[PDB]
Structures are given as structure tokens and as C-alpha cells.
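Notes follow the structure.
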Ligand SMILES: *[C@@H]1O[C@H](CO)[C@@H](O[C@@H]2O[C@H](CO)[C@@H](O[C@@H]3O[C@H](CO)[C@@H](O)[C@H](O)[C@@H]3O)[C@H](O)[C@H]2NC(C)=O)[C@H](O)[C@H]1NC(C)=O
Ligand SMILES: *[C@@H]1O[C@H](CO)[C@@H](O[C@@H]2O[C@H](CO)[C@@H](O)[C@H](O)[C@H]2NC(C)=O)[C@H](O)[C@H]1NC(C)=O
Ligand SMILES: *[C@@H]1O[C@H](CO)[C@@H](O)[C@H](O)[C@H]1NC(C)=O
Ligand SMILES: *[C@@H]1O[C@H](CO)[C@@H](O)[C@H](O)[C@H]1NC(C)=O
Ligand SMILES: *[C@@H]1O[C@H](CO)[C@@H](O)[C@H](O)[C@H]1NC(C)=O
Ligand SMILES: *[C@@H]1O[C@H](CO)[C@@H](O)[C@H](O)[C@H]1NC(C)=O
Ligand SMILES: *[C@@H]1O[C@H](CO)[C@@H](O)[C@H](O)[C@H]1NC(C)=O
Ligand SMILES: *[C@@H]1O[C@H](CO)[C@@H](O)[C@H](O)[C@H]1NC(C)=O
Ligand SMILES: *[C@@H]1O[C@H](CO)[C@@H](O)[C@H](O)[C@H]1NC(C)=O
Ligand SMILES: *[C@@H]1O[C@H](CO)[C@@H](O)[C@H](O)[C@H]1NC(C)=O
């Protein structure tokens, strides 16, 4: 108050010195239910696979692709990614994915 | 929606397709939860200025901190909330008497004995001062006196020279200011008493010549 | 239709009704008229730049206009003179091109 | 790109300062009005209608207030009014008389 | 770098122009006030207190001046003033009376009717007060006798 | 080169807004004057000259 009034003797009354803003304590993130998963179990757990010369090209679109279940699995020997990071797979959007 | 506020349960009903809403002031008011399908109101958080309740520095140094429009549950002697907010450093005496220091919005503060106390103002009726038999001064004698009073009528015409005001003995400054337009003419016309016209760009054009040289082959 | 607007003086002798009071009742009225104004200061740094460093760095080159604004708000007239405090100087810190 | 928004906010702040100065001028005008009302109602019985409150002034009392003056106006309002036919002047064998 | 300071000084000049326009508006208001004061003090004897100078106006004289008008106000100020106990209304067997063309002035035992500019004790009569309902609504009730010789 | 004239016209528009606000203040003052003139001339016979 002495800095606001620029005086060593403050009179009798009420003086507004500064303000007060309640800062956000938590940080919530809401989103709709994760439904209509991509059929990764159909191409990864397929009963009969094709040869290398007649490989199938399954189109994956209009679905949410959970790449966390593929990376967090010790059953796969090689999980190399080119031009993209394996961790940021769930934070990117695409138009269509071919398996 | 990237905002900041307190989410509480609402009593309104949205349409089966409307996600969020807004008030008349074009501000986000409510939003439907994407999972529970329930409407949650959005209220801006406590915004208020702090105040120091000081009974002067000549009496004592014991002061009280006053918060405006906020609740003490979110604020980091005696802690108690009031109608104008939370007051830290005072008492909560249930007595009531004349107001001494108006802290704002009802409750007042005062100094009583060695500590600062609070009390609720009743403000029954100001009409009680009518029959208070106040003293009225009735003159008895007079003395002839003269008074000289001067009231301005006209104003000296003040002109503004933007060239010398914005640019003090500078050439490139004036060269760059010449491209800002004829705003100085409008300022002078406004100072003389002529209103500025509100129209389109019928005198200023954003033209360009593209004097860039050709690159060598 | 064309208005003639002959003379508005015709309403003078129109024997208009005038209300003359007969009885009265003692009543009190409380009226409040503002006299002084709370000193309002302007902090251009926090107003133009909200928690930004480069914004303030660029605003520092606009001059001392905030001082003139504060002096005008306090009741002091702004002086009209030449540039005796602000100079359009330059240092030309451009590096030399390699030979 | 930063200086564009800087200039926009400077224009906004100039508009705010203009509003504040106009408010200060209106407050000074209201202070002059309160001063002349004090001088004409407390130090004398003004015959003006609806000036020292609402009605015919009898006595006024001043009260202090933060940034303002509170006036306790004691007057009487017309309880029952009656409409009468009035005339600008009469005529009794020439020499029109006005009241 | 030059246009930055140019815009800053343009904002300063806009503030100066705003101040000048507000000053011009205040000067026009003061001119209207001087005109109405001239009309009410020179062309007539105004009964307003502290309007044609300081006190009760008697006569005014106008004087020319550059960008202004000088008024020579001749008035009389109260030399000696005395405080008296006043009441909003009296009550003489109902029909509360309020003072007109003056206020109720009491010296301690008796009440009189006189104007607020000079002290002249006058007896309370019917021609000096007006009835207003009864002695219930009017706050402040004192009992006196309204004579009428 | 465009932003220079943009800022100039923004200053002009700010001057226009200032003039409009001053005109609004003067109109409010004239409204108060008309109200008090109504109260002092229609509801009573004022002794003020002119
Ligand atoms: C999105 O997911 C949420 C998950 O909470 C859904 O909310 C819940 O939906 C269920 C099914 O309609 C509601 O019934 C509950 O079902 C469970 C499981 O069968 C059962 O154990 C409960 O006793 C209850 O019957 C449930 O009330 C509702 N809320 C909660 C808090 O669980 C929501 O419906 C989903 N939205 C969409 C559009 O799919
Ligand atoms: C292919 O089938 C295997 C076998 O069920 C799946 O592996 C299971 O994954 C779930 C996911 O949490 C685990 O809870 C199980 O413990 C896993 N079982 C085994 C035996 O490892 C696998 O996820 C399927 N592939 C895809 C793409 O879903
Ligand atoms: C202030 O806000 C808190 C939030 O926790 C609430 O519990 C309390 O009732 C509020 N007080 C008032 C007076 O609104
Ligand atoms: C009314 O008269 C009493 C009795 O002397 C006095 O104490 C009081 O101050 C008076 N009220 C005023 C002057 O307002
Ligand atoms: C004048 O008197 C006539 C006759 O009753 C009436 O019709 C008319 O309305 C009066 N004019 C007014 C009240 O202005
Ligand atoms: C007097 O005339 C006014 C004008 O409209 C009207 O409102 C009022 O009711 C009239 N009073 C009587 C008693 O006729
Ligand atoms: C009348 O009352 C005023 C109000 O404070 C006071 O200043 C003045 O001295 C009093 N005059 C007398 C003669 O008591
Ligand atoms: C008050 O005035 C009355 C009327 O003249 C007078 O008789 C009385 O002596 C005066 N003084 C007091 C104290 O009543
Ligand atoms: C109203 O005025 C009439 C006019 O004579 C009068 O007879 C009556 O007593 C008055 N009523 C009140 C309550 O003043
Ligand atoms: C005035 O007289 C009435 C009627 O007897 C009475 O009720 C009232 O108390 C009296 N007031 C005073 C102040 O003596």
C-alpha cells in the first residue's frame, strides 16, 4: 500500500493494491468413447497368410488404430518405423492405411 | 474448446445433436460431456482484486487483507468469508452498529479494543435524519462585496503540424510518413470543428508498381 | 401528402389543460452525485503484451507513449513540440559479405 | 506479424484512454453540478421545481461520501392535481392583460 | 524500425488531439454557462444563491475580455449567522402544516416562520402554512399553536 | 507498404470514434438540460430570465 500510494503514512481506509486470479489446478481432457477399432487382429492373427509374390493389400480406414497394443508386445521381433516415430503413432491422423 | 473455468451440473437440456452452447455475449456457457451426454455449465474462475484494510499508520500497524469476489476455499490470524469475499486478519463479531470503514458491499470494518473487527450494517432507513433537528444558519447582518468572475467563451484556433511533431529534423522519417496518407488533414479538420466523414477509400489506393529487377540468367 | 407547416403558434390558444396541485405530502429524496474520480493508471506492458517477452521487446521501441497516456489520464496536458527526446538513429550491424 | 497486433491493441488502448478522459470530464461536470446544487439548496431555499430533489424545496442536508456528496432533500410532492383551462391573456375593453 | 516509433508518436498525437477536442467541448460548455449567467444576472435579478457571484445577487455588469467574459457581480454576503433548530412540519390538533416561502425557525421555546435569508420572527398563521393530510405520514411531529388574529 | 496506410486510416478512424463519443456525451448533456428545463418550465413557473 505504501508503494501504491508512494507515501510512508497510509491514511485510514481501504486500498486496492493488486489483483488475484485463481490459476488452473488440474487439467482434464475429455473425448468420446473409443469405438469401432481397426481390424488389426484380422491381419495380425490371420489363419492363412499369402506368399510374398501375391501379398494382399487390406485397406484400413474409418476407424481408430490403437498402435499401443502392437508396440507393447514382445512377440514381434522387428518393430522398425521409417519416417515416423513409434511413440507418436497414436497422436497422428491419416486418410488410409494399407496392411 | 480450450477454455478455463469451473464445471458444474446444469439444469438445461440441449438438443440431441448440439454439443456446446454460448450466452448472449458470444461466450461459451455450457458444453455436453462426450461420454456421459450431460450438460455442464462453464463459469469463469474467481477474478477479483485484493485490498488492505488499514486503520491508518498513526494508530497501529495491524491490518487485514480483503479479497473481492473470491471464496477462501481457493485462496492459498482468523480466516472467515463475508458478502464481499474473504477477510483475513479480522474478527467475526456478530454485533452491529454504525459503519466506520466501508470495505464494500455491505459489511464494514473498524478498530476496537487492539484488533480489527467486522460487523454487518443494517442500513434500516436514512429518513431517520429528517427529524434530527439539524441546525440551520440564518443570516443576521450583511456586507456589500464585489466578486470578479471570468468564464472562457471562445478557444484559440490550435493547428497541428504532423511533419514536425512526428519527425524532428529528419528526412527519411518524413518520407516514410508521407505514405501513411492524409490523416493530418482529417485531424486538423476535426480540431477546427468539422466532423470527419465516414466513407470508403475514394482517395487512397493500395497500388503497387513492382520495381523489382530481373534476375540474371 | 405535402405538409404545409403553416404556423406552430396555433397551439397557443388551444386551451391546453394545466395541472394545479391541491394537496401535498412530505417526502424525502436521497440523491448522490459523483465529485472525484479514482486515479486510474494504465500499464501498457501488461495490456498490449500478455505474458510475452518478444512482444515487450518490440513495444520498447515504440517510445514513451505510455508515459504521455498516464500524464493525460492524471490530468496533465500533453506537450506539442519536436523530437527532442526520440531519435531515429541506426547502427547498421550488418555483417560483411565473404570475399 | 507481431507489430500488426501491437498496433491493433494500441488503437484499442487509445480508445480506452479516450473513454476514460470523457468519463473524467463528465465526472468534473457532475462535480460542478453537485457544487452548485449544494450552494443553491443548502445555503438557500431555491424556488426551482424538481431541482433540490423532486418537488418544491424546503430544506437540504449534506452528507459525506467516497467520491461523491449525498444530499438529504426534504420536499413535498403534489398529492392531488386538477386540470384547468388556461389562457395566454384576457381582454377587458382593449388593453390586453397578461398574468 | 522507423515506422515503429512513427506509430508510437501517431498514438501520442491522437491522444493529444483527443485532449484538445475534450478541452474544446469543455470550453463550449463554459461558453453556454457564461451566456446563461449573463442572461440571468444582467437582464434580470436572479434569486439563486451563489449563482451571480457569491451571495444574493443585486446587480451585474458585463466586461469584454479576450476569449472570455468578465462579470462584475455586486452582492452581499452573510456577515453574522446564527444556528436555529428547525422542524419539517408542525401539528396543531391534526392537519400537519408545512412552511411555505420560508422554514420553521425556533429560538428555544417558540416557533416562527421566516425565510432562510433574513431572520424575522413571525407568528404561525393559516396564510403562512399549508395543511398536508394528518400528523401520521409526515415524519417528525411537534405540537404548537397556529394563531390567526 | 499496405500496413502503413492501414495504420494511418486506423488513426483516422480512432479520431472519428473520439469525435462520435464526444458528440454522444454532448447529446447526453443536452438531454439532461432538456429534462431539467421540462421540470422547471412545465411543472412550474420559473422566475429565471431567458
Ligand atoms: C460411453 O461410455 C460410457 C461409459 O461410462 C457410457 O456410460 C454408461 O453407459 C452404460 C451403457 O448404456 C450405462 O449403463 C450401465 O452399463 C454398465 C455395463 O453394462 C452396467 O454395469 C451399469 O449398471 C449400467 O447399467 C451407464 O449408466 C452409463 N454411465 C456410466 C457412468 O457407466 C456411455 O453411454 C457411452 N456412450 C456412448 C454414446 O456409447
Ligand atoms: C492376436 O491374438 C493374441 C492372443 O490372444 C493377442 O494377444 C493378447 O493380447 C491381449 C491384449 O491385452 C492380452 O491381454 C493377452 O494376454 C494376449 N494374449 C497372448 C497369448 O499374448 C493379440 O493381441 C492378438 N493380436 C491383435 C492385433 O490383437
Ligand atoms: C465459495 O466456493 C466454495 C467452493 O469450494 C464453496 O464451497 C462455498 O460454498 C462458496 N461460498 C459462497 C459464499 O458462495
Ligand atoms: C438536536 O437537539 C439535541 C438536543 O440539544 C442535540 O443534542 C442534537 O445534536 C441536535 N441534532 C442536530 C443538531 O442535528
Ligand atoms: C380545449 O377545449 C375543448 C373544449 O372542451 C377541448 O375539446 C380541447 O381538447 C381543449 N384543448 C386542449 C385540452 O388542448
Ligand atoms: C390532466 O391532463 C393530463 C395530460 O394527459 C392527463 O394525463 C391527466 O389525467 C389529466 N388529469 C385530469 C384530472 O383530468
Ligand atoms: C452552526 O453549525 C455549523 C455546523 O458545523 C458550525 O460550523 C457553526 O459553528 C455553527 N454556528 C454556531 C453559531 O453555532
Ligand atoms: C424566544 O422568543 C420568544 C418570543 O419573542 C421570547 O419570548 C423568548 O424570550 C425568546 N428566548 C427564549 C429562550 O425562549
Ligand atoms: C385535499 O384538498 C381538499 C381541498 O379542499 C381538502 O378539502 C382535503 O382535506 C385535502 N385532503 C388532504 C388529505 O390533504
Ligand atoms: C401532540 O398531541 C398529541 C395528541 O394528544 C399527542 O399524541 C402527541 O404525543 C403530542 N406530541 C408532543 C410532541 O407533545
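Return yes when residue A:52 is within 30 Å of residue B:45 (Cβ to Cβ) and exposed (fewer than 13 other Cβ atoms within 10 Å of the Cβ) and no when it is not.
No, not satisfied.
Of the residues C:29, C:97, C:84, C:25, which is within 14 Å of chain B (Cβ to nearest Cβ) and exposed (fewer than 12 other Cβ atoms within 10 Å of the Cβ)? Reasoning before the result, please.
Working: C:29 fails: exposed (fewer than 12 other Cβ atoms within 10 Å of the Cβ); C:97 fails: within 14 Å of chain B (Cβ to nearest Cβ); C:25 fails: exposed (fewer than 12 other Cβ atoms within 10 Å of the Cβ).
Exactly one residue qualifies, and that residue is C:84.
Inside the range B:151-181, can you point out the residues that are more than 14 Å from chain C (Cβ to nearest Cβ) and either surrounded by 14 or more Cβ atoms within 10 Å (Cβ to Cβ) or in a helix (DSSP H, G or I) (or both)?
Scanning the range B:151-181 gives B:151, B:152, B:153, B:180, B:181.
What number goes with the only condition from (1) at the interface with another protein chain (Cβ under 7 Å from one of its Cβ atoms); (2) within 17 Å of the chain's Cα centre (by Cα); (3) surrounded by 19 or more Cβ atoms within 10 Å (Cβ to Cβ) that residue D:42 does not pass?
Result: residue D:42 fails condition (1) only.
Can you tell me which of E:63, E:80 is facing chain B (nearest Cβ under 10 Å), within 16 Å of ligand 7 (Cβ to nearest atom) and either surrounded by fewer than 19 Cβ atoms within 10 Å (Cβ to Cβ) or closer than 22 Å to residue B:129 by Cα (or both)?
Of the residues listed, the single one that is facing chain B (nearest Cβ under 10 Å), within 16 Å of ligand 7 (Cβ to nearest atom) and either surrounded by fewer than 19 Cβ atoms within 10 Å (Cβ to Cβ) or closer than 22 Å to residue B:129 by Cα (or both) is E:80.
Considering only the range E:132-142, state which residues are out of contact with any strand residue (DSSP E or B) (no Cβ under 6 Å at 6 or more places or on another chain) and facing another protein chain (nearest Cβ under 8 Å).
Matches in the range E:132-142: E:133, E:137, E:139, E:140.
Is it the case that the range A:35-51 has a residue that's away from ligand 9 (no atom under 16 Å from the Cβ), assigned to a loop (DSSP other than H, G, I, E, B) and in contact with a strand residue (DSSP E or B) (Cβ under 7 Å, 6 or more places away or on another chain)?
Yes, there is a match, as at least one residue in the range A:35-51 is away from ligand 9 (no atom under 16 Å from the Cβ), assigned to a loop (DSSP other than H, G, I, E, B) and in contact with a strand residue (DSSP E or B) (Cβ under 7 Å, 6 or more places away or on another chain).
Take the range E:112-136 and flag every residue that is surrounded by fewer than 12 Cβ atoms within 10 Å (Cβ to Cβ) and closer than 22 Å to residue D:72 by Cα.
Passing the criteria: only E:136.
Of the conditions (1) under 29 Å from the mean Cα position of the chain (by Cα); (2) farther than 25 Å from residue A:7 by Cα, residue B:94 satisfies every one except a single condition; which number is it?
Residue B:94 satisfies every listed condition except (1).
Kindly check whether there is at least one residue in the range B:41-58 that is under 21 Å from the mean Cα position of the chain (by Cα), farther than 30 Å from residue A:8 by Cα, at the interface with another protein chain (Cβ under 8 Å from one of its Cβ atoms) and surrounded by 16 or more Cβ atoms within 10 Å (Cβ to Cβ).
Scanning the range B:41-58, I find at least one residue that is under 21 Å from the mean Cα position of the chain (by Cα), farther than 30 Å from residue A:8 by Cα, at the interface with another protein chain (Cβ under 8 Å from one of its Cβ atoms) and surrounded by 16 or more Cβ atoms within 10 Å (Cβ to Cβ), so the answer is yes.
Regarding the range B:66-76, can at least one residue be identified that is assigned to a strand (DSSP E or B), buried (at least 17 other Cβ atoms within 10 Å of the Cβ), more than 12 Å from every other protein chain (Cβ to nearest Cβ) and within 13 Å of ligand 3 (Cβ to nearest atom)? I'd like the intermediate steps shown before the answer.
Filtering the range B:66-76 for residues assigned to a strand (DSSP E or B) gives B:66-67.
Now narrow it down to the ones that are buried (at least 17 other Cβ atoms within 10 Å of the Cβ): B:66-67.
If we keep only those that are more than 12 Å from every other protein chain (Cβ to nearest Cβ) as well, we get none.
No - not one qualifying residue is present in the range B:66-76.
Evaluate the following for residue D:57: is it more than 7 Å from every other protein chain (Cβ to nearest Cβ), more than 30 Å from residue C:50 (Cβ to Cβ) and surrounded by fewer than 18 Cβ atoms within 10 Å (Cβ to Cβ)?
Judged against the criteria, residue D:57 is not a match.
Within the bounds of the range B:210-217, is there any residue that is more than 14 Å from chain C (Cβ to nearest Cβ) and surrounded by 10 or more Cβ atoms within 10 Å (Cβ to Cβ)?
Step one: of the range B:210-217, the residues more than 14 Å from chain C (Cβ to nearest Cβ) are B:210-217.
Now drop any that are not surrounded by 10 or more Cβ atoms within 10 Å (Cβ to Cβ), which leaves none.
Checked against the condition, which is being more than 14 Å from chain C (Cβ to nearest Cβ) and surrounded by 10 or more Cβ atoms within 10 Å (Cβ to Cβ), the range B:210-217 yields no hits at all.
Considering each of C:37, C:3 in turn, give the residue that is more than 14 Å from chain B (Cβ to nearest Cβ), away from ligand 9 (no atom under 16 Å from the Cβ) and closer than 24 Å to residue E:23 by Cβ. Steps first, answer last, please.
Values: C:3 fails: closer than 24 Å to residue E:23 by Cβ.
Answer to the check: C:37.
With respect to residue B:135, determine if the residue is more than 16 Å from ligand 3 (Cβ to nearest atom), under 30 Å from residue D:62 (Cα atoms), more than 30 Å from the chain's Cα centre (by Cα) and within 14 Å of chain E (Cβ to nearest Cβ). Break it down into steps so the answer makes sense when it comes.
Working: more than 16 Å from ligand 3 (Cβ to nearest atom): yes; under 30 Å from residue D:62 (Cα atoms): yes; more than 30 Å from the chain's Cα centre (by Cα): yes; within 14 Å of chain E (Cβ to nearest Cβ): yes.
Judged against the criteria, residue B:135 is a match.
With A:7, A:73 as the choices, which residue is more than 30 Å from residue B:36 (Cα to Cα), assigned to a loop (DSSP other than H, G, I, E, B) and under 29 Å from the mean Cα position of the chain (by Cα)? First the steps, then the outcome.
On the way: A:7 fails: under 29 Å from the mean Cα position of the chain (by Cα).
Every option except A:73 fails the conditions.
Right, residue A:8: loosely packed, with under 10 Cβ neighbours inside 10 Å and more than 16 Å from ligand 2 (Cβ to nearest atom) or not?
yes
For the range E:106-130, which residues satisfy the criterion of being within 11 Å of another protein chain (Cβ to nearest Cβ) and within 16 Å of ligand 10 (Cβ to nearest atom)?
Residue satisfying the conditions is E:106 alone.
We did not get these values from a lab; they are worked out from the coordinates using the rules stated. We place every Cβ from the backbone using ideal geometry, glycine too, and count neighbours over all the protein chains shown.
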